[PDB]
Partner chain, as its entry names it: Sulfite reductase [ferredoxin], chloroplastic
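In the block that follows, a single chain appears as C-alpha cells, in the form solved without the partner chain.
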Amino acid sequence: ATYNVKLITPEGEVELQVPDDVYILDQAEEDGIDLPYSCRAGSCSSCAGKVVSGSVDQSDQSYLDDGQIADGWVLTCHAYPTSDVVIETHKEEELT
C-alpha cells in the first residue's frame, strides 16, 4: 500500500505519497523536501517529528523510549507509514 503523508514543516505543509516500504525521510528527499537528519540509523534525535494523526511503523528505531513513543514522537528516518499520517517535522529541539 502507499499512504498520504502530510508533513507540517517550519515553512508550511507539504503532502507526499509514501509507499509502506519506504522510510518517510527517504521519500521526502526524493521529492525535493529537506528534512533534518544525522545518523539515518534510528539512533539519534536529529530527524525527530511528532505524529498529529495516523500511524507509522518505526519498529527498529532505538533512540525513543516508550514514553516518547506514547506521546507521538517518531524518528522520520526509520519510520514507514501504516495509514495516512500527519507529522510535524524539525522537532528535535522540542524533544532534546
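Positions refer to the first chain, counted from 1.
The question of which stretch, 22-30 or 58-66, has the higher mean Cα B factor is settled in favour of 58-66. As the entry records it, the average C-alpha temperature factor is higher for 4-12, out of 86-94 and 4-12.
When the modelled residues of the chain are ordered by their C-alpha B factor, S45 lands in the highest third.
Quick note: we don't show the form solved in complex with the partner chain, though the next part is all about it.
At a distance of at most 4.5 angstroms from the partner chain in the bound PDB entry, all three residues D26, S38 and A41 contribute at least one non-hydrogen atom. At least one heavy atom of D34 is located within 4.5 Å of the partner chain in the bound PDB entry. Although the partner is absent here, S59 sits close enough that one of its heavy atoms falls within 4.5 Å of the partner chain in the bound PDB entry.
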